[PDB]
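Below is one structure; the comments refer to it alone.
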Amino acid sequence: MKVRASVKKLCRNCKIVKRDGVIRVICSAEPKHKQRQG
Amino acid sequence: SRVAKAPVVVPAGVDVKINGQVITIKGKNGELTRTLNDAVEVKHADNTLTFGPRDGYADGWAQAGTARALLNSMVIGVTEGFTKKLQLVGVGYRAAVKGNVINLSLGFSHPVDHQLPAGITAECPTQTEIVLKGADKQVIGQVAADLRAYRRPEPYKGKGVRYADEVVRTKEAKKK
Amino acid sequence: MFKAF
Amino acid sequence: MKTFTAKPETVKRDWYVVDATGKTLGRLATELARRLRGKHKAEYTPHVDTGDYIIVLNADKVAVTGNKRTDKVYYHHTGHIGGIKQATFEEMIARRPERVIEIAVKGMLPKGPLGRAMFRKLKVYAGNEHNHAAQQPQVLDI
Amino acid sequence: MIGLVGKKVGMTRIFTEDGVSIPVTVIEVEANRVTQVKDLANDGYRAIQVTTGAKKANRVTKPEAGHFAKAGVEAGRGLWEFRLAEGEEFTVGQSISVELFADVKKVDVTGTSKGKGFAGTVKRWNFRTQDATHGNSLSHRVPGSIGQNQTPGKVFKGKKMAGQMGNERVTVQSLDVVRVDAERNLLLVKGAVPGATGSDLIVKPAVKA
RNA sequence: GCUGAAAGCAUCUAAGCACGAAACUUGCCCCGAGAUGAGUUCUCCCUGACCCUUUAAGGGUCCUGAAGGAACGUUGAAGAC
RNA sequence: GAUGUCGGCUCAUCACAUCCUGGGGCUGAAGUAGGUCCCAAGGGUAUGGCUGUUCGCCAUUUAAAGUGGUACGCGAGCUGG
RNA sequence: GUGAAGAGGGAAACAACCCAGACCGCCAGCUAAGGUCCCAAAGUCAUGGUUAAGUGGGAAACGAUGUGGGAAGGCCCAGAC
Ligand SMILES: [Mg+2]
Ligand SMILES: [Mg+2]
Ligand SMILES: [Mg+2]
Ligand SMILES: [Mg+2]
Ligand SMILES: [Mg+2]
Ligand SMILES: [Mg+2]
Ligand SMILES: [Mg+2]
Ligand SMILES: [Mg+2]
Ligand SMILES: [Mg+2]
Ligand SMILES: [Mg+2]
Ligand SMILES: [Mg+2]
Ligand SMILES: [Mg+2]
Ligand SMILES: [Mg+2]
Ligand SMILES: [Mg+2]
Ligand SMILES: [Zn+2]
């Protein structure tokens with residue numbers, strides 16, 4: 001997981017989801033995609 | 001709120017009781033019970049369970065859908081037992097069932113012993129795979145996760161414990 | 001005693 | 001003529017019992033602080049403790065709005081360097097359910113010898129029963 | 001589990017056929033007479049009050065002798081308490097001897113340490129001594145700095161300084177029980193224990209386990 | 001991570017559950033009721049005459065001197081005192 | 001009409017932008033060993049040669065020899081190169 | 001313009017900001033700024049909305065199916081998404 005201020009869709013399979021008041025990205029195909037806002 | 005609109009049928013041989021917010025579903029596979037939140041209103045005025053949001057609650061519509069999904073799975077549970085199949089992959093990976101407790105070998109220096117909850121049952125057709133059967137979809141789902149947690153599937157070779165239908169994205173090891 | 005330059 | 005002033009050796013004091021079950025901590029505290037200071041009495045005097053005795057029951061059942069049931073933090077310093085201690089609302093209820101009321105009320109009462117004396121009339125209990133039946137407190141609803 | 005009160009008779013050496021020498025502190029544990037039993041319904045905690053030894057009858061105050069008379073016991077050196085877990089019970093006047101430790105591998109020993117009086121920082125806190133030469137002026141073994149100038153402007157609580165050392169309760173944990181001699185009321189424990197010879201001593205089962 | 005909607009799917013989360021570190025609260029050790037919110041338990045001691053008016057948690061005389069403590073003396077592996 | 005400096009010595013205390021130990025996500029992570037990011041301040045966090053030196057270089061160690069604030073902490077505490 | 005050479009009330013404390021120029025006395029009243037749950041004088045005041053972050057009670061580029069409102073457009077019971 002790579003943490004950075006800007007979270008975006010890097011590919012089609014990516015999705016943005018809010019879990020605990022923090023925006024993070026979950027990708028089913030490529031775990032490199034997943035990020036957290038911080 | 002499409003899920004909430006769809007009613008849930010209670011066929012013959014299934015008994016359902018409503019007492020305020022708590023509901024008790026009974027069937028041939030056992031019994032189940034949970035306490036619904038005050039924001040969801042459930043009625044038993046017909047042969048099908050109907051759901052609606054209680055007035056004054058903003059989350060009622062979204063909350064109503066959860067009750068339909070939860071009760072819909074529960075009625076299935078009492079009629080049929082949810083089944084989870086896990087597969088063991090490895091050179092010397094084996095599983096054994098002593099009853100409420102399962103003994104696994106996963107290359108550890110110590111034995112792995114896991115006890116099941118009262119509402120779950122397990123049995124071993126073969127030492128390379130294990131099957132979990134139960135009435136409640138929640139605990140049975142949790143049991144498999146803990147079973148899978150001991151050795152999550154190995155990326156470069158796939159060895160470990162995995163759901164029977166799981167797909168593992170094998171990755172080739174770095175060359176040179 | 002002391003100095004400060 | 002000179003304005004009337006209350007006499008600490010002639011003031012009349014009566015006992016009350018309050019149930020804290022389901023009451024919001026802050027708004028219950030203000031009423032308790034108002035009563036302990038005697039602001040409701042027509043003979044209120046700033047330099048005389050004219051308040052009444054208050055008994056608080058079910059101190060563990062007080063309610064707090066929002067997410068502060070877990071985000072409310074209580075701070076106190078032991079006096080030693082680095083001796084800063086933390087205690088959330090849940091921890092205080094679990095450990096000492098009675099301190100939540102007194103800490104809230106204590107910060108609402110005046111400061112100084114008179115304020116401490118007024119606090120001494122507050123008697124909080126975690127359970128539903130109290131041993132002060134001899135005082136025959138009246139049921140007071142807030 | 002319940003312990004016992006003994007006296008530090010001294011220190012001795014125990015030889016073993018294998019050729020190893022075990023330094024053992026000899027502790028004499030006379031009969032321990034229970035003087036009172038503490039109950040939840042009346043006292044709020046479960047414990048037993050015990051006395052050991054004997055003291056001259058001319059110096060037992062009837063407030064103390066009456067306490068002993070209540071339990072039908074002879075006045076001892078002093079009174080000590082031990083907490084009771086769920087499984088143990090005792091009766092007033094019951095006498096407990098050293099065999100209680102016959103099944104105990106490890107024991108806990110507590111007592112008052114030897115009193116060193118007013119001790120300097122070097123002895124009390126292992127402070128490093130400053131230069132004995134090279135120009136040092138009347139500051140060979142003084143504590144030195146004790147603060148950080150204006151910003152704090154004070155000395156923090158708990159600062160290590162010269163003061164009373166020793167003469168305080170100390171507990172030594174996980175002491176092996178070498179031998180129990182119930183025919184002479186003695187307990188042998190490997191290693192040294194706090195206090196001087198003849199001082200009161202409290203022995204309890206090893207809590208550390 | 002489980003179940004799972006808002007969003008027919010998906011989703012660790014919004015309702016409801018599980019795991020998770022030398023940090024945190026305990027566990028271990030020491031001080032500790034000046035904790036004036038001054039706590040509890042067990043024993044021990046005292047069961048007389050009167051007198052005055054400002055007649056009240058009043059003052060005073062006689063008798064009495066308990067429990068215990070202190071002081072002094074011999075002293076301590078206790079201690080600057 | 002006076003707040004005494006660099007460095008050393010002694011004694012420290014706090015911050016976390018963490019050097020070691022602890023828990024994790026990715027890895028162009030086979031393993032061993034690393035890279036990077038996240039959580040974590042509980043403890044621990046070299047002796048010498050040269051130089052007044054801090055620093056630095058060098059020698060040899062260590063799980064590591066952290067970065068800073070505190071009058072570039074500390075001379076009514078020492079030293080005075 | 002104010003302080004300097006200006007008190008008083010407000011901004012927690014705070015010469016220069018806001019309100020306002022103290023001849024003396026009063027246990028009278030009405031107001032300014034600013035305020036009315038408690039410390040602490042006055043609304044736990046009456047309506048219609050927004051916020052769930054204790055935002056309010058510090059901070060940007062930038063990021064995000066947070067959530068409320070408004071005006072349009074594409075597809076759509078010839079079956080859309
Ligand atoms: Mg004030
Ligand atoms: Mg001594
Ligand atoms: Mg000199
Ligand atoms: Mg000298
Ligand atoms: Mg100060
Ligand atoms: Mg001067
Ligand atoms: Mg800890
Ligand atoms: Mg060096
Ligand atoms: Mg040389
Ligand atoms: Mg300096
Ligand atoms: Mg110097
Ligand atoms: Mg100085
Ligand atoms: Mg010189
Ligand atoms: Mg001038
Ligand atoms: Zn992606």
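Lettering follows sequence order; numbering is per chain, from 1. Values below: all heavy atoms of this structure, side chains included; hydrogens, waters and symmetry mates excluded.
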Sugar of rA57(F), sorted north or south by the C1'-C2'-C3'-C4' dihedral sign: south
Base orientation of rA6(F), syn vs anti, 90° cut from 0: anti
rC50(G) and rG56(G) as Watson-Crick or wobble pair, distances under 3.5 Å: yes
For atom CG of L36(B) and atom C1' of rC17(F), their distance in whole Å: 15 Å
Under 3.5 Å donor-acceptor pair, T3(D) side-chain atoms to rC27(H) base atoms: yes
Sugar-phosphate only, base, or nothing, as touched by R99(D) at under 4.0 Å among non-hydrogen atoms: base
Close residues, residues 18-27 of chain A, relative to RNA chain G [heavy-atom separation under 4.0 Å]: none
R169(E) vs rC30(F): side-chain N/O to OP1/OP2 distance below 4.0 Å: yes
Verdict with supporting geometry, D49(D) and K121(D), salt bridge (charged side-chain N to carboxylate O under 4.0 Å, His left out): CA-CA 10 Å; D49(D) 165 38; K121(D) 316 208 286 331; 2.9 Å; yes
Sugar-phosphate only, base, or nothing, as touched by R68(B) at under 4.0 Å among non-hydrogen atoms: nothing
Touch class at under 4.0 angstrom, heavy-atom based, for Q49(E) against every strand present: nothing
Whole angstrom value for the distance that separates P of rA6(F) from CG of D59(B): 13 Å
Nearest-nucleotide pick for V17(A), side chain only, options being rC62(H), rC39(H), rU11(F): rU11(F)
Nucleic acid footprint by protein, nucleotides 25-31 of chain G - heavy-atom cut-off 4.0 Å, B for base, S for sugar-phosphate alone: BSSBBS-
Touch class at under 4.0 angstrom, heavy-atom based, for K208(E) against every strand present: sugar-phosphate
Anti/syn call for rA17(G), syn if |chi| within 90°: syn
Side chain of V3(B) - closest among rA67(F), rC14(G), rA6(F): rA6(F)
Nearest-angstrom distance, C1' atom, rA21(F) to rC17(F): 23 Å
Interatomic distance at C1', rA38(F) relative to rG22(G), whole Å: 46 Å
Neighbour count above 12 (heavy atom, 6.0 Å) for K159(E) NZ: yes
Side-chain touch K159(B)/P153(B), heavy atoms, less than 4.5 angstrom: no
Partners passing side chain to side chain donor-acceptor pair (under 3.5 Å) against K3(C) (at least two apart in sequence or in another chain): none
Nearest non-hydrogen partners of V34(E) and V73(E), listed with the distance: O-CG2, 3.9 Å
Closest-nucleotide ordering on RNA chain G, the 5'-leading residue of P143(E) and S139(E): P143(E)
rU25(F) to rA15(G) separation - P atoms, rounded to the nearest Å: 14 Å
Contact under 4.0 Å: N37(B) side-chain N or O vs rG16(F) OP1/OP2: no
Stacked cation flag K38(E) on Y45(E), 6.0 angstrom / 45 deg: no
Along RNA chain H (nearest heavy atom to each residue), the more 5'-positioned of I16(A) and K111(D): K111(D)
Interatomic distance at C1', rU50(H) relative to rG21(H), whole Å: 45 Å
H76(D) NE2 - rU25(F) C1' separation (whole Å): 12 Å
Nucleotide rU3(F), atom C1' - distance to CG of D136(B) in whole Å: 8 Å
Pair present between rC11(G) and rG73(G), Watson-Crick or G-U, 3.5 Å cut-off: yes
Sign-based sugar class (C1'-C2'-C3'-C4') of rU27(G): north
Sugar-phosphate, base or nothing in reach of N67(D), heavy atoms under 4.0 Å: sugar-phosphate
Side chain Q138(B) and base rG4(F) donor-acceptor under 3.5 Å: no
Partner check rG43(G) against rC20(G): Watson-Crick or G-U, both under 3.5 Å: yes
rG42(G) and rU21(G) base-paired, Watson-Crick or G-U, both contacts under 3.5 Å: yes
Any donor-acceptor N/O pair under 3.5 Å between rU43(F) base and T61(E) side chain: no
Candidates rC78(G), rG4(F), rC38(G) - which lies nearest the side chain of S137(E): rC78(G)
Atom-pair distance (NZ on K15(A); P on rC9(F)), nearest Å: 11 Å
Nucleotide pairing, RNA chain H (Watson-Crick or G-U, distances under 3.5 Å), in dot-bracket with [ ] and |: .......(((......))).............................................................|
Two-distance pair criterion under 3.5 Å, Watson-Crick or G-U, for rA59(G) and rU47(G): yes
Touch class at under 4.0 angstrom, heavy-atom based, for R148(B) against every strand present: nothing
Nearest-nucleotide comparison on RNA chain G, the residue closer to the 5′ end among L138(E) and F2(C): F2(C)
Atom pair distance, as rounded to whole Å: CZ in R96(D) and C1' in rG37(F): 11 Å
Interface residues of residues 144-162 of chain E with RNA chain H (non-hydrogen, below 4.0 angstrom): none
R4(A) vs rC38(G): side-chain N/O to OP1/OP2 distance below 4.0 Å: no
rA64(G) and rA33(G), which share atom name P, separated by this distance in whole Å: 14 Å
Euclidean distance for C1', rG35(H) against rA11(H) (whole angstrom): 12 Å
Sub-4.0 Å heavy-atom contacts from residues 107-133 of chain E onto RNA chain H, ordered by number: none
Syn or anti for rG8(F) (syn when the glycosidic angle lies within 90° of 0): syn
Heavy-atom closest contact (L122(D) atom, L36(D) atom, distance): N-CD2, 3.6 Å
Separation of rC37(H) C1' from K39(D) NZ (nearest whole Å): 11 Å
Whole angstrom value for the distance that separates P of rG1(F) from CZ of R151(B): 17 Å
Sugar-phosphate only, base, or nothing, as touched by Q86(D) at under 4.0 Å among non-hydrogen atoms: nothing
